[PDB]
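For reference, the structure is listed below as structure tokens.
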Amino acid sequence: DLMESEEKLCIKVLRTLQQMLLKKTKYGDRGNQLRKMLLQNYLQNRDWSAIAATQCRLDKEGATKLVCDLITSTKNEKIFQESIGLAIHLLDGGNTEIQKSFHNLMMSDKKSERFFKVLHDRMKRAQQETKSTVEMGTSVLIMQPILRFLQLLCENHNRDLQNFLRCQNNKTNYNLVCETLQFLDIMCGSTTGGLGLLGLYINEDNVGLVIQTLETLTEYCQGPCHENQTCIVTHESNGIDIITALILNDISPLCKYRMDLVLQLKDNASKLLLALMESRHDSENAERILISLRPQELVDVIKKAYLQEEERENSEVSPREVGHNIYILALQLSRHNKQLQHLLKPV
Amino acid sequence: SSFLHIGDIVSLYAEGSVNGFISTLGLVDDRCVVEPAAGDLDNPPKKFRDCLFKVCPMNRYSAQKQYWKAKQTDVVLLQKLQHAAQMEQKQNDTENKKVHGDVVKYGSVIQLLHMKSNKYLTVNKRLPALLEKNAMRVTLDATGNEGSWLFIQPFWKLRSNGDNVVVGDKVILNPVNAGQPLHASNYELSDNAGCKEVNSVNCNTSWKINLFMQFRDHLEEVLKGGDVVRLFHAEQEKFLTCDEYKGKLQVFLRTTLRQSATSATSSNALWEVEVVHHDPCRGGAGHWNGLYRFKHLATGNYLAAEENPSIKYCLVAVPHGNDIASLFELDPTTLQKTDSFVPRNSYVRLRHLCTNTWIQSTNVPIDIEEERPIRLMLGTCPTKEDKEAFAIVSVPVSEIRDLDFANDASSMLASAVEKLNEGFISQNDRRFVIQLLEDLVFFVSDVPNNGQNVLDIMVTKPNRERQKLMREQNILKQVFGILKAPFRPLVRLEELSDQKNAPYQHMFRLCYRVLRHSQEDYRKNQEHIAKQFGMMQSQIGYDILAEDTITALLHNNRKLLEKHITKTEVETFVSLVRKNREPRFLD
Amino acid sequence: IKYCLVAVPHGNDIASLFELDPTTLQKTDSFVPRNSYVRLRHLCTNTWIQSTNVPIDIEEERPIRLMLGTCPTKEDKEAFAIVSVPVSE
Amino acid sequence: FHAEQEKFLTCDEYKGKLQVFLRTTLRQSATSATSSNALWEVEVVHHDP
Amino acid sequence: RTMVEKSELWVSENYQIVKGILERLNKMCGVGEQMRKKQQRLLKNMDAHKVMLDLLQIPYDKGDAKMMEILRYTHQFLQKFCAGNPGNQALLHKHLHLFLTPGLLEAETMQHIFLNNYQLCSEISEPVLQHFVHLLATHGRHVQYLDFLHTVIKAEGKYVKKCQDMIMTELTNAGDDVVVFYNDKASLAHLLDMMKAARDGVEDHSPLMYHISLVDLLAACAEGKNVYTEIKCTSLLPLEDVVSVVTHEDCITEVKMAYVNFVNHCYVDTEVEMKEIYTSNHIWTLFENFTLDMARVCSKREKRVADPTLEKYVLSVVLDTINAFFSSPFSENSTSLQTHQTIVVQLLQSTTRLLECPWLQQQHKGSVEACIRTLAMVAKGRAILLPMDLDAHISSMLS
Ligand SMILES: O=P(O)(O)O[C@@H]1[C@H](O)[C@H](O)[C@@H](OP(=O)(O)O)[C@H](OP(=O)(O)O)[C@H]1O
Ligand SMILES: O=P(O)(O)O[C@@H]1[C@H](O)[C@H](O)[C@@H](OP(=O)(O)O)[C@H](OP(=O)(O)O)[C@H]1O
């Protein structure tokens, strides 16, 4: 109610809720002393499990409804960001209760169309800003928490929420999966990037956002959810070309000075490609991927990754592990393509 | 009434400050102007081929823009950008083919392509219009860019955004980038009389879309109005031609000594077919039943029949085609499909509607006085002879565009020659002349312009058609005029080495390179250039590349060497070596 | 301005007759669609309606009445939309 | 409704005689300016009265 | 601020108060140098800049002729809000987008914002320069845009290579509308005609001022031993036209100084060899004109009269040009300098005579002495004949 007039008060309340949900923090010897003294003066009389219990408590209080209503009816960027952060904190850890509450609120609420419309408008503005610039703009920055929130919304392989995100039972339906795919496609340079110039577009600045977008795509695809895989594979934007180019091509500028980010990006891309055909007996997706993903280039990439183990130094992802993931992907793709199957055979 | 579709050929008629059709000054000139006195909706301008535009869908220029930016200011990066630009062009072509025929809705993005020049109309916000300062310049770009995007917004409140555009509706063209609607200003070009500039500025101008041809009718397998064709007499194996014999234009059949009659193609033999329609501004595919008119492309006169001075009637050329006499009708020489469209490259018989007489070729020549008469007379006779049939052979659009470019280049080159003769040439005029010379070098070389040095171009195989065009359109004469006039006070050969004369040196080198390129593997061009051997010799000894042209001309040409070398040439060589004592002259 | 639009008591007179001309393409002369722009022409005079900027209440401080009349020529801009009114109103 | 002038056709008694005119409205939306005097009835001419 | 929050009333009573408040604020904002700093800090603390900027955003009609004067004061205040205060310049640089609008008054504030601030000039983004160049091309030819372009090139003495290169790259693109030059005979005659009306002084904002500012900017942007801008600017203004316009009898000191600076920074002081300068009889006519100017200055001073512009021209640019020409790696070769020797002796005698005059202030005497020294080294190598009296006088200072 107070957001209409006391916007600062609403922001403060949201931040206080987020702090309550957040874990304890140490503030130094003096800070600890003051905290203990204040707690004793006031409170004279008296782990993921605790966080989940607090999340359930807040949901019972109506935190999910509060954040949804604020996002729907907020015209201030700060309030929207605070609401998105609070929603992320509530969904932290992939709690089933919070996801079910979100789903029920979206279904029962009459403004679900408005909620998804606001999300879709933010996404389109972010893509437009990314196209125009190609630091970070405000839209591209706010897209990151939105993607994180959607990923937590679809975490733990929840069929109902993934389907709801892909399509809604409203007069106007906004698809978030295709919007995320378009955002990733535009970040990477579109056809120009997919034609081997992807390295120029990708930089350490946007590498984190690209990785987050790829992880969100994998979360959408896994489960497996055949509809999401079909939409991503057959999308007109041809983002699968960019996904394939990520693995096939090496980002020269970023890799030259920072290689761990390259390793994480390639690992995420390989995981996404594997998720694209988790349980797909039909072969059209495999043919579409093979069109962008050449057999000889794929086997060459795998062989290079195996011998790239020296790069594991100061790296959290083994190049051989990424090579093994790409090898599994190539094995799955082999049955459709005879040349790939023949190449994958050892000497 | 029909909805406007992508790919339709239409003409725009401004009805704002000045009412008239929008056209372009010429192929070599990128300026776009409106001529109110040329004509109106009731009476379209005579040169209607210059006022036709095609609607095309939106195209992508981001990769091309990046490539151009890279060119302006590493090799692997440039190659990658070039490849990306090529892929973008292919994608644009594929998308344009896909969206062919889709209806245009108000508020959508469309592009206007000029048929004659094949250049997109573009607005450049950065550069102000030449005549009007507060406005923004509008020009024509062959490749195009983001400035070519326009919004076809409604002009009538009865039409709203999202509604289909209907032919004949007045609309507003708002550039996407500049954002200011096109305007037919009242400023009058100084060089051209009766032409008013068009510029991007706020106004109330309304553009009326008149449909000339549908997207479906735009196919190359059918005869259509405005098409350029040649009339070939199968029985006589001669091409119909129109030319000035003594002081009057006459229509005849020319005699060719070539082994293949069809190979004897000349600019004077080009005709334009106009389908008679109730709407003056409408063309479209023709019919056997429908009437036709033939217009001389070079002169603009219309074929007609007049009383024979002495074979009852004579084929002649008349200035105005509005007269009923110009009307003609086609009769098939073979079976036809239920009076369907006239097929391309189809034999036909021409009959005069007014006189109801069939064309016929007579063996009486028109130039008996000449040693070898080549002009054969024609006339209309009441009877019909199946043997006397004229085949209508289509001419590719590229050939017509090349001919138009050659004519425009010749005109501008003659203007530059006149300026040089006057003794004063402006810097901008000199830059335009140099640019045209480079364009002509690329035109004759038939090599795409990829930033290579103009003065260093090698051709694997010459194009005979281009060289014949250069010789026939008098471009070589203008080149010789430019080579002669400056030296003959304005500039001196000895002073050419001066930095101040560097642009003049570049211009002369370009002219000599054009001369060298034109004559490669061509006897007639070689003789025509060798006719100026004295002039070429007079310029030897200076860094003008004349020595290379002379060597190429006199290399491995025994007959040419015998004919075009006399005592005076050797005397000139001797005098030059005496003046300089230069061994190179002995060589 | 050769003729003036006015109101007459009896509609039986031939003068009251009017005809509609579509402002856009129509389906083989099918029924007139609801909420469709049209142009009104007088059958007897064969003149098309047009709106003039000359007011009728110049004496008033803020004239609000604008005159209409039929002219021989047809202007595509001068079109009257027929907007339906709900029966409940 | 006159789209070009964005005015509604009206008939009213000016001084002592009925006149047909277009009214001028100060409202932001012309279509919203709906009045009873602007209502007309359409009669299709038919052989059967 | 309260009035600006409600500006619909005045956009009579709400105009006089506005103009009075603005006039008072401008009047008491600046005094001396230290009161100015104190007032700047005080106004910054209480956030006067936000209020002043808000008043500039009020939607106003194109032509008022009364409220315009208000904006004629507001901007002036912002000009005094940054004088010698880099922090203020950074503060108002965040809202720089509000100043990217066609106009002339905003140009002065834009120039003052980037005045003597290297951190801003070196980091100026391309869109600002593009905006200014396109305003020059389309809106018109005005000296304010040229002044803004000039101040950004050199900040805190250091030259910004990036801006120097980009201004050259974008200025040469537009011709006959931005870079207007008079090289043709008709253009030269027109230039002389317009100049002849400025014998008593060049009128401010006149086309001659625009040409002078353009030439000065062109010379300045190449004052970094650059190899790209130096060669690029050589084609627009050839040496022949420079000599022709500098040697004319009816020539004012401003254009002469501009051309000498151009031929010093763009022709003489260069990183690559230029054929025209050394292998041509062009700079020697300039040296003859320099000797004539030296003699004219000496005579004028003898006549108890002096022209400050002529003194500056003869003591700042000519001496630097002479020193640079005779103190370059490509000049010691003297492939063509051997042919001409009399001009060197004439310059040496003129310079030593100028030194002999007692009115020479100490500040600029060093340049004259350096010119004499360089001419002495050139003469020793060239083995040119020296007069007995001149030789003795020079040797008096050689050791
Ligand atoms: O075989 P060659 O020696 O090349 O000579 C060609 C041909 O035999 C004719 O002389 C002429 O055709 P017409 O007499 O019909 O004009 C033609 O001119 P063209 O190039 O202008 O066709 C010549 O090029
Ligand atoms: O915005 P407000 O203050 O409510 O005033 C309304 C409107 O601005 C006009 O005064 C009037 O329309 P016309 O001048 O076109 O009659 C309308 O009358 P209405 O209710 O009779 O439409 C008013 O209700």
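Following the order of the structure tokens, first chain is A, next is B, and so on, with residues numbered from 1 inside each chain and ligands from 1 in the order they appear.
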
So which bits of stretch 4-46 of chain D end up strand (DSSP E) when you DSSP the backbone, as a list in words?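 DSSP on the backbone gives strand (DSSP E) at residues 9, 10, 11, 12, 13, 18, 19, 20, 21 and 22 of chain D.
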
Next, the residues of the selection above should be written as a PDB file, in the first residue's frame with N, CA, C and O atoms.
```
ATOM      1  N   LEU D   9     -21.418  15.169 -37.376  1.00  0.00           N
ATOM      2  CA  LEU D   9     -22.540  15.843 -38.017  1.00  0.00           C
ATOM      3  C   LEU D   9     -23.663  16.053 -37.012  1.00  0.00           C
ATOM      4  O   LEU D   9     -24.007  15.146 -36.248  1.00  0.00           O
ATOM      5  N   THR D  10     -24.240  17.253 -37.015  1.00  0.00           N
ATOM      6  CA  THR D  10     -25.292  17.610 -36.078  1.00  0.00           C
ATOM      7  C   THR D  10     -26.363  18.405 -36.809  1.00  0.00           C
ATOM      8  O   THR D  10     -26.098  19.033 -37.837  1.00  0.00           O
ATOM      9  N   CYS D  11     -27.583  18.351 -36.282  1.00  0.00           N
ATOM     10  CA  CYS D  11     -28.698  19.143 -36.785  1.00  0.00           C
ATOM     11  C   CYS D  11     -29.360  19.837 -35.608  1.00  0.00           C
ATOM     12  O   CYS D  11     -29.691  19.190 -34.610  1.00  0.00           O
ATOM     13  N   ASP D  12     -29.550  21.149 -35.720  1.00  0.00           N
ATOM     14  CA  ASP D  12     -30.079  21.915 -34.598  1.00  0.00           C
ATOM     15  C   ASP D  12     -30.724  23.191 -35.113  1.00  0.00           C
ATOM     16  O   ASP D  12     -30.472  23.626 -36.238  1.00  0.00           O
ATOM     17  N   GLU D  13     -31.560  23.789 -34.268  1.00  0.00           N
ATOM     18  CA  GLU D  13     -32.234  25.042 -34.596  1.00  0.00           C
ATOM     19  C   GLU D  13     -31.311  26.196 -34.227  1.00  0.00           C
ATOM     20  O   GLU D  13     -31.001  26.402 -33.048  1.00  0.00           O
ATOM     21  N   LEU D  18     -34.150  24.805 -38.701  1.00  0.00           N
ATOM     22  CA  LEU D  18     -33.203  23.723 -38.480  1.00  0.00           C
ATOM     23  C   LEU D  18     -32.097  23.761 -39.526  1.00  0.00           C
ATOM     24  O   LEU D  18     -32.354  23.937 -40.721  1.00  0.00           O
ATOM     25  N   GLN D  19     -30.860  23.597 -39.069  1.00  0.00           N
ATOM     26  CA  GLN D  19     -29.687  23.606 -39.927  1.00  0.00           C
ATOM     27  C   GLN D  19     -28.807  22.413 -39.591  1.00  0.00           C
ATOM     28  O   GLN D  19     -28.730  21.981 -38.434  1.00  0.00           O
ATOM     29  N   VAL D  20     -28.143  21.891 -40.620  1.00  0.00           N
ATOM     30  CA  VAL D  20     -27.213  20.774 -40.492  1.00  0.00           C
ATOM     31  C   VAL D  20     -25.800  21.324 -40.611  1.00  0.00           C
ATOM     32  O   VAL D  20     -25.501  22.097 -41.529  1.00  0.00           O
ATOM     33  N   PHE D  21     -24.931  20.929 -39.685  1.00  0.00           N
ATOM     34  CA  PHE D  21     -23.590  21.487 -39.602  1.00  0.00           C
ATOM     35  C   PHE D  21     -22.656  20.463 -38.969  1.00  0.00           C
ATOM     36  O   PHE D  21     -23.050  19.338 -38.651  1.00  0.00           O
ATOM     37  N   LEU D  22     -21.398  20.865 -38.811  1.00  0.00           N
ATOM     38  CA  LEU D  22     -20.419  20.131 -38.020  1.00  0.00           C
ATOM     39  C   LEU D  22     -20.119  20.925 -36.757  1.00  0.00           C
ATOM     40  O   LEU D  22     -19.855  22.130 -36.828  1.00  0.00           O
TER      41      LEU D  22
END
```

With only C-alpha atoms and all ligand atoms counted, collect every polymer residue having an atom within 7 Å of ligand 2; state the result as a ChimeraX atom specification. /D:24-27,33-34

Hey, which residues come within 6 Å of ligand 1 if we count only C-alpha atoms and all ligand atoms? Could you give them as a PyMOL selection string? chain B and resi 256-258+264

Nearest residue to residue B:356 out of B:3, B:53, B:187, B:328, using only C-alpha atoms?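 Closest to residue B:356 of all the choices is B:328.
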
The residue from C:6, C:33, C:18, C:75 with the smallest atom-to-atom distance to chain D, counting only C-alpha atoms, is C:6

Identify which of the residues C:39, C:10, C:2, C:65 lies closest to residue C:77, counting only C-alpha atoms when measuring atom-to-atom distances.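 Ranking C:39, C:10, C:2, C:65 by distance to residue C:77, first place goes to C:39.
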
Kindly provide the residues of chain A that approach chain B to within 8 Å, each paired with its closest atom pair and their distance in Å to one decimal, based on only C-alpha atoms, listed by chain and increasing number, as a Markdown table.
```
| residue | atom | partner | partner_atom | distance |
| --- | --- | --- | --- | --- |
| A:192 | CA | B:84 | CA | 5.8 |
| A:195 | CA | B:84 | CA | 7.1 |
| A:196 | CA | B:80 | CA | 8.0 |
| A:197 | CA | B:80 | CA | 7.4 |
```

Give me the residues near residue E:192 as a PyMOL selection string, where near means some atom within 10 Å (using only C-alpha atoms) and where sequence neighbours in that chain fewer than 3 positions away do not count. chain E and resi 182+186-189+195-198+245+248+250-251

10 Å contact set for residue E:280, only C-alpha atoms, chain neighbours under 5 positions out, as a list in words: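 Counting only C-alpha atoms, the residues come to residues 498 of chain B; 275 and 336 of chain E.
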
C-alpha atoms of the current selection, written as a PDB file, in the first residue's frame:
```pdb
ATOM      1  CA  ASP B 498      54.495  20.773 -59.999  1.00  0.00           C
TER       2      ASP B 498
ATOM      3  CA  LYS E 275      59.477  17.564 -51.346  1.00  0.00           C
ATOM      4  CA  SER E 336      69.260  22.806 -52.416  1.00  0.00           C
TER       5      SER E 336
END
```

Considering only C-alpha atoms, tabulate each residue of chain B that lies at most 7 Å from chain E along with its nearest interatomic pair and the corresponding distance in Å to one decimal; arrange the rows by chain and ascending residue number and present them as JSON lines.
```
{"residue": "B:126", "atom": "CA", "partner": "E:134", "partner_atom": "CA", "distance": 5.7}
{"residue": "B:127", "atom": "CA", "partner": "E:138", "partner_atom": "CA", "distance": 6.5}
{"residue": "B:128", "atom": "CA", "partner": "E:138", "partner_atom": "CA", "distance": 5.2}
{"residue": "B:133", "atom": "CA", "partner": "E:138", "partner_atom": "CA", "distance": 6.6}
{"residue": "B:134", "atom": "CA", "partner": "E:139", "partner_atom": "CA", "distance": 6.9}
```

Could you write out that same residue set with C-alpha atoms as a CSV table (one decimal), in the first residue's frame?
```
chain,number,residue,atom,x,y,z
B,126,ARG,CA,24.7,14.7,-41.6
B,127,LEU,CA,25.1,16.5,-45.0
B,128,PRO,CA,22.6,19.4,-45.6
B,133,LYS,CA,20.6,24.7,-45.9
B,134,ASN,CA,18.2,24.0,-43.1
```

Interface rows for chain C against chain D: nearest pair, Å to one decimal, 7 Å, only C-alpha atoms, as JSON lines:
```
{"residue": "C:5", "atom": "CA", "partner": "D:20", "partner_atom": "CA", "distance": 6.5}
{"residue": "C:6", "atom": "CA", "partner": "D:20", "partner_atom": "CA", "distance": 5.5}
{"residue": "C:7", "atom": "CA", "partner": "D:19", "partner_atom": "CA", "distance": 6.5}
{"residue": "C:64", "atom": "CA", "partner": "D:24", "partner_atom": "CA", "distance": 4.7}
{"residue": "C:65", "atom": "CA", "partner": "D:23", "partner_atom": "CA", "distance": 5.1}
{"residue": "C:66", "atom": "CA", "partner": "D:22", "partner_atom": "CA", "distance": 4.9}
{"residue": "C:67", "atom": "CA", "partner": "D:21", "partner_atom": "CA", "distance": 5.3}
{"residue": "C:68", "atom": "CA", "partner": "D:21", "partner_atom": "CA", "distance": 6.4}
{"residue": "C:77", "atom": "CA", "partner": "D:4", "partner_atom": "CA", "distance": 6.5}
{"residue": "C:78", "atom": "CA", "partner": "D:4", "partner_atom": "CA", "distance": 6.6}
{"residue": "C:79", "atom": "CA", "partner": "D:2", "partner_atom": "CA", "distance": 6.3}
{"residue": "C:80", "atom": "CA", "partner": "D:2", "partner_atom": "CA", "distance": 4.8}
{"residue": "C:81", "atom": "CA", "partner": "D:1", "partner_atom": "CA", "distance": 5.1}
{"residue": "C:82", "atom": "CA", "partner": "D:1", "partner_atom": "CA", "distance": 6.6}
```
